[PDB]
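Accompanying notes for the structure given below.
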Amino acid sequence: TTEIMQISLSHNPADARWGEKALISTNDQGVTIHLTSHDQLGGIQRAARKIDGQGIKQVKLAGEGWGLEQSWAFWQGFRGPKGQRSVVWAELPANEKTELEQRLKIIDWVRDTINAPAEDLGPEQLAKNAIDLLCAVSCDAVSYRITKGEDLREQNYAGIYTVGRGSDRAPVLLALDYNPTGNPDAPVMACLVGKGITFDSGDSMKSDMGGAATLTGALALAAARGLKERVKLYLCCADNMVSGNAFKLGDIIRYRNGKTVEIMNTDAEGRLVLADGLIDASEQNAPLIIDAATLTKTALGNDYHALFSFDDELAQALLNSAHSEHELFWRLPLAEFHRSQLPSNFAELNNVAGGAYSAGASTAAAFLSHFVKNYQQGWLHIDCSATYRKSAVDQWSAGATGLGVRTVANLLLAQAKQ
Amino acid sequence: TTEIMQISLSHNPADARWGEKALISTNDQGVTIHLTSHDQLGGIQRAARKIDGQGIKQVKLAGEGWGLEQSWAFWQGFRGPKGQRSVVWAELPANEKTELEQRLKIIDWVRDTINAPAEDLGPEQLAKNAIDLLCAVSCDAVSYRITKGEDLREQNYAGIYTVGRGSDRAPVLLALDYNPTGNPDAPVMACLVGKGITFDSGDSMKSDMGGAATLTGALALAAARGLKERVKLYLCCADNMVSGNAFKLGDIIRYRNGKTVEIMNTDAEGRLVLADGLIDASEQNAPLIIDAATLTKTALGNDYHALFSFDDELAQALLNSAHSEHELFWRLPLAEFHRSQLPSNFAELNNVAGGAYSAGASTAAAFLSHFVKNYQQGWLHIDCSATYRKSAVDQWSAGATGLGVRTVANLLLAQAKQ
Amino acid sequence: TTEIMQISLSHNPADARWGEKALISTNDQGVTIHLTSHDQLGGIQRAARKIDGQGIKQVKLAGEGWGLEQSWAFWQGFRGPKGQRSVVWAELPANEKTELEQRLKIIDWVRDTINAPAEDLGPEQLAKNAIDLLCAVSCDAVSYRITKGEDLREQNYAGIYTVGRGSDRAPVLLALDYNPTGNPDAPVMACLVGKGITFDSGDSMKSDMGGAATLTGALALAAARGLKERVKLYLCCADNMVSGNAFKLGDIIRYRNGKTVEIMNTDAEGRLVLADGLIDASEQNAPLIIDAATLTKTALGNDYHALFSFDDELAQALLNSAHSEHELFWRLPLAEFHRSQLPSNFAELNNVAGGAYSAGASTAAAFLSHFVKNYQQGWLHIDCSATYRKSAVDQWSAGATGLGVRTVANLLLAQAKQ
């Protein structure tokens, strides 16, 4: 019979009765959230987690202070994978209510897609959902081509075809073209390459296609905000099975750019599918290429997305977007010497450095750079380590966080001078 | 523009400037290799490894001392799996240049075959390559019969059919007959039985068909040296998948000689395919049977091939060949009591001793002896533990070494009084 | 009889006879090192490793190009833990030859100390060696006080006394005062706090006192270059035994600043000894505090030292020093939220985050910040992950690298406007 929980913002701290530095308090007026000057949006999100934690499922944001960002902060923390939670929003200006509504649609899409079980999300399905998303936000501007199964082998997509080899669900390359102007000669300004491993050998496993989902949301959100420039999106999608008829260990893949790659580590195959997408993206000769992949051991925890580039100014541009969108990103090393740290006894390079050069995300980024024509300027690689939460934490429920979507979209908009 | 590196042999040790007991030195004349009286061929091989190690890819053997064995020693160490290295040989007598050229062709075949990825080398492919090799060296003398897939089940090759069961690449038995004389009644003097596991559950994995390749090279090399006697070769070939539709754990195989074998250890399946080959070889009633299998924990390291027989005089004959061909072999125990050390709760015997009789290569040899009619005379088993090098070492690059080919071929020639 | 190997620098690449992009070549003139425009000092160091690798022990740097940095680059790579290698230097200006000679003395001290077996380097010994080093470079300016064994308990050094508890070699705090001016009222400008674990439960173990050695070298090198400002150095030294009479698991330490710390992880005890040093350093009210500790899982590899601070401008100052001294440093995250990520069921905080907040070096830095009075300005923490090499690599032999000494010394000099 309605009478929903009202949630309000105060800058005076709670009574002593609630204990020290109590973040939330609750009386007849509803729940109050107690803020200081330092990190209000973090405090609001943690409060939305606790409120959810107490088993409350419907809330009304009430009283003053509920701008776009406070409201979004709340929702990010209040929401859960089961999707039972509702929120009666506060009054907002016309601009901000549309921004809220399109964030909700597009970023919750990203969370659901990453949270979905791998049985319900195969390679071609993931491609289909991405198209469906982009065609909802702006259909006239979008076109695509799916190259699936044998068509991949037939056109020398050795990386994607090989990684997918073992499975009943055929590997898929989605090439998607977001072209607003109509002009088919219009120059391609950015290429986005996403890791779409829909099943991984060794439930963190369902987060291995999170790079694809996150860039699909980034493009969609950018377009929803009216991105004028043309953008190509490559989702490199495959199941990654290692046992038996997948024939993975020791396999050498000849890529179209002449590179040979031994598979030493049958689990590190996201970089193998990405290499093919990176070859296509470099043939477009765009001034920006961004690729995103999860799970490439990290010392940032799940708190930061990591970025790797040789281009200092471009790494800074992304960090600037990340700050403007209140998302945590952090730069990690990628120097020239990493490119030598993947030798092989049987091929030009190995897929990992292994135990001979105890490395991780820098070497994974270094490996991809062998498939980017001008790797030194205009290329970004994102290890999406803020994408998934095994268990619930302070500010997040279990599962996909949705982080990174705002930040990349902001960067593309910035390129287009918007 | 040519001007190749010259490599020469000296018996005076290097200047103090190079350090103590310096093996190689380099000046305007090229690289000198410094030898003592003890183990020159070992020293030469290690020097060829270092020279390769310094990134030199083309050399000319120069000056005096470069006999057949010094030259071969060098090549063995100089060569690498990638096969970029060339050597301008020294002048040799007619006899020795043909021996060098046929060693090169046949032993490098063995290395490439063992080094090849398992994706590029299935059961039937391995059989096809072996035939191709033997028909290159002497075609008129060779005939064969391939029994593949269902034909194996249909003819009660339960061991080979079962081990291969799980895979998309069907198991294969190659029966190959090297008969020079033409006379089809000519008595079969030796049977060779090779372990051809083309894929193994748990990149050392691609070396699990090395017994087959090594005996295929042995026969080929013997024939190239004009082996007059008739020899049968059985390559027992299969993928060894253990997960899922391979249905491996606890399976009982009824062999044609009435034996039942439980599979306790799903990884120890090379002996299972060999058992079928050993049944066929014993029906030929030849005075010599040799079988070869890799990976049957060893305390010889990768430095020695191991041999097992009940026949003292025959074990000595092989050790004599091994010394004549400067290859390292070493005898390990095989007494009667080992034959009791494989009991089973559900079958006549288990495929391993397990943890009840902490054993390894002796018990594996003991198990095979239950499939050799007269196991007590005229049967040799070789655990090929010198066949593969995970990482590069003093005298060898990574990968297949090619060792054992010379030694077995020398033994067959000895049988034929040649 | 002398006739030493001459090593020279060329900018033309080697003959084809040596292979592609050959770094070194060797003829009658000696070894030539072949450089391009990109990273000459890296190339020179790798060449010194290879030359050492070929077993050469005495060299003469010859011809033009051998400035201070080229010469140092060479030595860093040429040297080995066994210390058999000699180098006849090239002619240098007066300034640079003294810089070379004092680098050699001070940085090779750091390497030997870190390379020394733990049996030959107890807590008090480490303190004694540090004093000895600093008194060699400038004796009149140095004074100290050693607080050892029971004196630590008696003066509420609970962290150091507890970590050391189990061992036959008593824990030690070295407070060392480098005061050039003489004036005892002279303001203390920097405090340096070093982790001196002389034995660690679970031969990478002997590198666990590398923070202490590295800062001892930094101060010594700075003083050798005439550092005018006053600096205090705190070496927090102890054996870290965990089994039996060490009584480590679950112990709660009450520190002088009122903090209680449960020991959840008996291996993470370097931070426990540092906490006491950090309390002392904060009582000096200096505008700079630097602490250094090894082994606090990293994704930089052994290629970068990591730094953590809340002070942006100070983190940049250190990165600037690191670039001026051609050493690799890299910043890692340390935000306010990390300070909450070490809760305890039994004390104010745990010594680690554990498996509840899968973290590493950020949480270790966050933990130390609870013992720095004004942690927000003027405090740096260095995880010394470039300090030790388990095995030999491209540019380094096995063992202690000596990196970080130049960089910290440069920062102190910069503070003093020098």
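Chains as they are written, first to last, in the entry's author numbering: chain A, 2 to 203, 214 to 307, 311 to 432; chain A', 2 to 203, 214 to 307, 311 to 432; chain A'', 2 to 203, 214 to 307, 311 to 432. A prime marks a further copy of an entry chain. No residue lacks a Cβ here, since even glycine has one placed at the ideal position from N, Cα and C.
query = What does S354 (chain A) touch in chain A' if you count any residue whose Cβ is under 8 angstroms from its own?
reply = Residues of chain A' with a Cβ closer than 8 angstroms to the Cβ of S354 (chain A) do not exist; the shortest Cβ-Cβ separation is about 13 angstroms.
task = Mind the definition here: the region 273-293 of chain A'' touches the region 184-194 of chain A'' only if three or more C-beta pairs lie below 8 angstroms; say whether that holds.
result = The region 273-293 of chain A'', when compared against the region 184-194 of chain A'', does touch it at the 8 angstroms Cβ threshold.
ask   = Using CA coordinates, which residue listed in A':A380, A':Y245, A':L230 and A':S215 is at the minimum distance from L260 (chain A)?
value = Nearest of A':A380, A':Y245, A':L230 and A':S215 to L260 (chain A), Cα basis: A':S215.
query = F343 (chain A') by DSSP, collapsed to three states: which one?
reply = Correct three-state label for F343 (chain A'): strand.
query = Relative to the alpha-carbon of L289 (chain A''), which residue among A'':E21, A'':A379 and A'':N180 has its alpha-carbon at the smallest distance?
reply = The residue with the shortest Cα to Cα distance from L289 (chain A'') is A'':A379.
key: Separation of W90 (chain A) from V111 (chain A), as counted between CA atoms   = About 21 angstroms.
key: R18 (chain A') at chain A'' interface by Cβ criterion, 8 angstroms   = Interface flag for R18 (chain A') against chain A'' is set, since a Cβ pair is found closer than 8 angstroms.
message = Just to confirm before moving on: does the CB-CB distance between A235 (chain A) and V138 (chain A) stay below 8 angstroms?
response = Yes, they are a contact pair.
query = Cβ atoms of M190 (chain A') and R18 (chain A''): under 8 angstroms apart, would you say?
reply = In this structure, the beta-carbon distance from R18 (chain A'') to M190 (chain A') does not fall below 8 angstroms.
Amino acids of chain A'', ordered along the chain, whose beta-carbon sits closer than 9 angstroms to that of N13 (chain A') = Within chain A'', no residue comes near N13 (chain A'); the closest Cβ sits about 15 angstroms away, beyond 9 angstroms.
key: Listed by chain order, chain A' residues near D262 (chain A) by CB distance under 9 angstroms   = Listed along chain A', the residues sitting closer than 9 angstroms to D262 (chain A) by beta-carbon distance are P118, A119, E120 and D121.
query = Is the Cβ-Cβ distance between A400 (chain A) and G374 (chain A'') less than 8 angstroms?
reply = Cβ atoms of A400 (chain A) and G374 (chain A''): not closer than 8 angstroms.
query = Can you find a C-beta in chain A'' that's less than 8 angstroms from the C-beta of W410 (chain A)?
reply = Judged by the 8 angstroms Cβ criterion, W410 (chain A) is not in contact with chain A''.
ask   = Quick one: which chain B residues come within Cβ less than 8 angstroms of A23 (chain A')?
value = No chain B appears in the structure shown, which is made up of the protein chains A, A' and A''.
query = Can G167 (chain A'') and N276 (chain A'') be called in contact, C-beta distance under 8 angstroms?
reply = No, the pair does not count as a contact, with Cβ atoms beyond the cut-off.
ask   = Under 8 angstroms between C-beta atoms, does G413 (chain A') make it to chain A?
value = True, the Cβ-Cβ gap to chain A drops below 8 angstroms.
ask   = Does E350 (chain A) have its Cβ less than 8 angstroms from a Cβ in chain A''?
value = Yes, its Cβ sits closer than 8 angstroms to a Cβ of chain A''.
request  = Find out if the Cβ-Cβ distance for the pair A119 (chain A), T199 (chain A) is shorter than 8 angstroms.
outcome  = Yes. Within cutoff.
message = Contact criterion: CB-CB distance below 8 angstroms. Does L346 (chain A'') meet it with respect to chain A?
response = Chain A, which has a Cβ nearer than 8 angstroms to the Cβ of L346 (chain A''), makes this yes.
ask   = DSSP three-state call for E273 (chain A''): helix, strand or coil?
value = DSSP places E273 (chain A'') in the strand class (E or B) of the three-state scheme.
inquiry  = Considering Cα atoms alone, identify which of A':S376, A':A128, A':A423 and A':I132 is closest to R170 (chain A').
reply    = Relative to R170 (chain A'), the option among A':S376, A':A128, A':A423 and A':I132 whose CA is nearest is A':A128.
key: Range covered by the alpha helix (DSSP H) that runs through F381 (chain A'')   = Going by DSSP, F381 (chain A'') is part of the alpha helix (DSSP H) stretching over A375 to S383.
request  = Can you grab the Cα-Cα spacing for the pair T377 (chain A) / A367 (chain A''), in whole Å?
outcome  = Rounded to whole angstroms, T377 (chain A) to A367 (chain A'') spans 27 angstroms at the Cα level.
Below-8 angstroms beta-carbon distance, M190 (chain A') vs any chain A'' residue = Among the residues facing chain A'', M190 (chain A') is not included, as its CB has no counterpart in that chain under 8 angstroms away.
task = Within 10 angstroms of the Cβ of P124 (chain A), are there 16 or more other Cβ atoms? Answer buried if so, exposed if not.
result = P124 (chain A) should be labelled buried.
ask   = Cα-Cα, which of A:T307, A:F360 and A:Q55 is closest to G222 (chain A)?
value = Selected option, being the one with the closest Cα: A:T307.
Residues of the region 378-400 of chain A with Cβ closer than 8 angstroms to any Cβ of chain A', in chain order = Going along the region 378-400 of chain A in chain order, one finds no residue with a Cβ nearer than 8 angstroms to chain A'.
ask   = Does the distance from the C-beta atom of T227 (chain A'') to that of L244 (chain A'') stay below 8 angstroms?
value = Yes.
query = Hey, is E4 (chain A')'s beta-carbon within less than 8 angstroms of any beta-carbon in chain A''?
reply = With 8 angstroms as the cut-off, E4 (chain A') counts as an interface residue toward chain A''.
task = Take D53 (chain A'') and list the residues in its own chain whose beta-carbon comes closer than 6 angstroms to its own, dropping the five residues that flank it on each side.
result = For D53 (chain A''), where only same-chain residues beyond five positions count, the Cβ hits under 6 angstroms are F79.
ask   = Buried or exposed: where does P188 (chain A) fall if 16 or more other Cβ atoms within 10 Å of its Cβ makes it buried?
value = Answer is exposed; the Cβ neighbour count stays below 16.
query = At least one CB of chain A'' closer than 8 angstroms to the CB of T271 (chain A): is that the case?
reply = At a cut-off of 8 angstroms between beta-carbon atoms, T271 (chain A) makes no contact with chain A''.
query = To the nearest whole angstrom, what separates the beta carbons of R50 (chain A) and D408 (chain A), a pair I think is in contact under 8 angstroms?
reply = Contact annotation, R50 (chain A) with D408 (chain A): C-beta distance approximately 6 angstroms; criterion of less than 8 angstroms satisfied.
request  = Give the DSSP bridge partners of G78 (chain A'), in chain order.
outcome  = Paired residues: none, contrary to the question.
key: Rounded C-alpha distance that separates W67 (chain A'') from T3 (chain A'')   = Take the alpha-carbon of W67 (chain A'') and the one of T3 (chain A''): they are about 22 angstroms apart.
request  = Give, in chain order, every residue of the region 162-188 of chain A' whose Cβ lies closer than 7 angstroms to some Cβ of chain A.
outcome  = Hits within the stretch, in order: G167, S168 and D169.
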